[PDB]
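The next block holds one structure in the form of structure tokens; read it before the comments.
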There are 2 protein chains.
Amino acid sequence: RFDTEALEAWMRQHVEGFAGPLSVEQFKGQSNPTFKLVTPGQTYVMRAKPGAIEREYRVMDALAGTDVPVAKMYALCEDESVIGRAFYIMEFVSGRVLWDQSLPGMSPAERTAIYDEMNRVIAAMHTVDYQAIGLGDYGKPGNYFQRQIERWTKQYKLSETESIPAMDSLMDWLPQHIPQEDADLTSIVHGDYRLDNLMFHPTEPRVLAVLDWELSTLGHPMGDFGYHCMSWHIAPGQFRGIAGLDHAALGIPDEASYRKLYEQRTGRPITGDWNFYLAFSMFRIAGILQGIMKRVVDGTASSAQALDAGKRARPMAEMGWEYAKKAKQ
Amino acid sequence: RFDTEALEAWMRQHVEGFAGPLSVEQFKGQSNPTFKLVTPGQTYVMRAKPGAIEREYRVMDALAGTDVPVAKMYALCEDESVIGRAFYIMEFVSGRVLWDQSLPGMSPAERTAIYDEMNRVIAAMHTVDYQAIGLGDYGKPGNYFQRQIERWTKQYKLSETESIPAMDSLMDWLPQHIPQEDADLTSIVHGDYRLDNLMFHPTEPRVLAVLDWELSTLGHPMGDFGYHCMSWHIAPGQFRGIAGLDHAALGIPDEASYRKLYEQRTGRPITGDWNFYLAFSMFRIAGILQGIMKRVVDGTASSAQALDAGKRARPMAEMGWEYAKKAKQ
Ligand SMILES: [Ca+2]
Ligand SMILES: [Ca+2]
């Protein structure tokens with residue numbers, strides 16, 4: 001509920017090519033409010049807040065011109081005078097957000113293409129020269145895994161609602177097993193890279209825009225790629241994984257081939273125990289899910305969706321520990 | 001707490017080669033009591049009851065002389081006069097009961113052998129001429145899946161503790177999709193065929209005895225083989241599955257190869273939608289696990305182990321529905 005004329009005035013000076021009249025609509029749902037700004041010349045998307053939005057804008061803006069396809073940025077407004085809250089203006093991209101990783105409704109050749117493009121974008125993101133595009137201080141590089149292991153160890157300990165031995169074993173195992181090979185390697189890391197955070201062209205298997213960058217920073221690629229590969233280790237039905245489905249029939253590549261393709265795109269081979277990267281990723285996911293459980297156990301979020309995600313903490317922790325034990329020691 | 005002299009008298013007349021003195025010990029745990037009968041000449045195992053033990057004895061006895069390795073039977077006692085309860089006497093077999101399906105501690109070649117032998121025994125069981133060994137009326141053959149779908153549909157409806165849409169979809173989907181190809185095919189079905197129900201030779205990869213036959217009957221092989229293949233579709237950590245582990249590295253065969261081997265041993269190819277067989281198996285398992293939840297929700301079994309198994313009903317039901325949707329319609 002704000003002054004749309006004050007915005008139209010601001011947009012004339014700060015949004016390239018802008019020309020009213022302007023009509024604001026809202027989207028049903030996204031942490032911070034999202035609106036659809038409509039003008040005859042074109043449509044934009046405004047991301048406001050009640051009253052770290054600026055990092056999304058920053059990373060997405062810096063990536064224009066790279067191979068990581070992203071929505072075009074128009075303007076960021078930190079001056080809460082104009083509308084009563086901070087916001088930014090983006091392009092309104094139109095396309096498909098696919099949810100089910102098994103890609104129902106497609107031919108095998110199509111599934112191959114969706115997966116191949118999805119691969120290409122992660123390789124591209126991780127090969128970007130983040131310093132040349134001005135993101136040099138976008139996050140703290142080096143010492144990624146020990147920083148993260150410690151963070152999530154402290155977080156679980158704060159939210160622990162029950163004794164989960166596999167979690168405890170993880171918290172003790174991980175810190176003593178951080179690969180030494182490529183420990184300093186850093187790149188832009190999306191944070192939550194997966195199929196449903198991609199906007200595909202309405203009919204072609206090509207991503208028009210990588211979405212939800214609010215968790216992104218500078219970090220180790222395998223923290224990002226490892227989380228992305230979870231799909232091959234989680235089974236279908238709540239957490240829409242693809243473990244045990246007949247991938248060769250469906251046209252979905254095997255994880256061995258997917259990693260190999262990523263290695264060739266990025267030019268460097270994945271050194272370091274793959275089971276550690278997986279074990280870490282499962283640990284992290286367990287930590288996040290325990291956060292939800294702790295809030296559900298003392299009623300901050302009672303949602304059916306919420307306690308569903310909370311009950312999944314233990315099995316994630318348990319699965320993490322199993323992969324840990326398959327790793328070098 | 002019984003008369004061991006009355007048993008020694010009975011054993012002289014009913015147990016081939018018996019000769020005391022006799023010393024009875026008990027085993028820690030097995031539904032119906034189990035004892036270790038010790039004599040200088042040899043050791044036996046006695047399976048009593050408080051006060052369908054006879055089917056185990058019957059099937060295990062009939063299988064002697066076949067390729068399904070089993071403990072040797074000595075005598076069945078239904079005359080509750082002798083000891084105050086019905087019982088039977090078996091050979092005391094000594095060997096390994098392996099629990100973890102990933103087979104830690106082994107070389108790849110060893111894992112290949114454990115799996116290959118495990119395959120051989122199921123093929124063998126399912127190729128046995130049950131009528132020639134006198135089990136013709138051991139169960140009701142034909143119409144297996146519809147009989148089972150109906151049984152578990154009624155069972156879930158009796159124990160339903162919450163709304164599980166994937167379960168409901170299964171209960172409606174399955175009955176309308178029972179394969180018509182090989183619908184009458186029947187064989188002996190173990191019921192719960194898995195690694196931990198096998199007693200391996202202490203150092204060789206060969207099964208000395210298939211255990212826990214209390215659920216066995218006559219039925220469709222894929223009800224038994226499908227349950228056995230669950231391992232490739234369930235992930236590690238609570239339900240010790242092998243979904244997503246690097247099978248080629250570990251020396252564990254891929255499910256495609258495992259089924260192919262079974263087909264060659266049994267001489268007939270698996271006709272009928274594999275995803276239906278899997279979907280059915282997941283449905284059945286969900287039903288059994290909901291039984292436990294219903295008892296836990298109203299306190300018949302409060303055990304930590306019990307509510308762990310009860311919480312697994314939904315995900316099993318949800319995973320079943322996903323495989324159902326990959327099947328022919
Ligand atoms: Ca999203
Ligand atoms: Ca057992």
Side-chain angles (χ1 to χ4, degrees), chain A residues 27 29-34 45 47 52-53 55-56 59-60 68-71 90 92-101 114 118 121-122 125 189-200 207-216 224 227-228 230-231 239-240 285 288 292 309, chain B residues 27 29-34 45 47 52-53 55-56 59-60 68-71 90 92-101 114 118 121-122 125 189-200 207-216 224 227-228 230-231 239-240 285 288 292 309:
Chain A
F27 290 112
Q30 299 86 161
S31 294
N32 296 315
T34 303
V45 180
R47 280 270 298 195
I53 222 181
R55 307 186 72 255
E56 304 170 23
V59 61
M60 221 159 173
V68 187
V70 285
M90 300 186 273
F92 175 92
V93 191
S94 193
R96 314 130 87 182
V97 174
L98 303 169
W99 295 89
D100 190 350
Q101 279 105 65
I114 295 304
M118 183 160 72
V121 171
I122 199 70
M125 186 190 301
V189 298
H190 179 283
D192 183 24
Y193 188 79
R194 57 199 303 253
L195 185 68
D196 59 54
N197 282 334
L198 301 180
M199 168 113 292
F200 279 89
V207 178
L208 302 178
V210 174
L211 310 170
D212 303 329
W213 288 85
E214 64 203 324
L215 268 42
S216 67
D224 215 35
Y227 174 93
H228 173 57
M230 288 292 73
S231 202
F239 305 142
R240 39 191 73 256
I285 296 161
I288 296 168
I292 293 170
Chain B
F27 290 112
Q30 299 86 161
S31 294
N32 296 315
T34 303
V45 180
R47 280 270 298 195
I53 222 181
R55 307 186 72 255
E56 304 170 23
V59 61
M60 221 159 173
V68 187
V70 285
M90 300 186 273
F92 175 92
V93 191
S94 193
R96 314 130 87 182
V97 174
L98 303 169
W99 295 89
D100 190 350
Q101 279 105 65
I114 295 304
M118 183 160 72
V121 171
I122 199 70
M125 186 190 301
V189 298
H190 179 283
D192 183 24
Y193 188 79
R194 57 199 303 253
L195 185 68
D196 59 54
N197 282 334
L198 301 180
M199 168 113 292
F200 279 89
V207 178
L208 302 178
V210 174
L211 310 170
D212 303 329
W213 288 85
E214 64 203 324
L215 268 42
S216 67
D224 215 35
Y227 174 93
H228 173 57
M230 288 292 73
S231 202
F239 305 142
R240 39 191 73 256
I285 296 161
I288 296 168
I292 293 170

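In each ligand, atom 1 is the first atom listed, and ligand 1 is the first ligand listed. Quick note: numbers below take in every heavy atom, side chains included, and nothing from hydrogens, waters or symmetry partners. All chains are named by letter (A, B, ...) in the order of the sequence lines, taking the proteins before the strands, and each is independently numbered beginning at 1.
Inside a sphere of radius 3.0 Å centred on the Ca ion (ligand 1), the protein N/O/S atoms present are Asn197(A) OD1, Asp212(A) OD2.
Scored by the salt bridge (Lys or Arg N to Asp or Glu O under 4.0 Å) test, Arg194(B) finds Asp196(B) as partners (sequence neighbours excluded).
Taking 4.5 Å as the limit, some side-chain heavy atom of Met90(B) sits within range of a side-chain heavy atom of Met60(B). Residues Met125(B) and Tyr193(B) are in side-chain contact: their nearest non-hydrogen atoms beyond the backbone lie under 4.5 Å apart. At least one side-chain heavy atom of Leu195(A) sits under 4.5 Å from a side-chain heavy atom of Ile114(A). Contact of the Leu198(A) side chain with the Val210(A) side chain is registered, since non-hydrogen atoms from C-beta on lie closer than 4.5 Å. Using a 4.5 Å heavy-atom cutoff, the side chains of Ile285(A) and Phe239(A) are not in contact.
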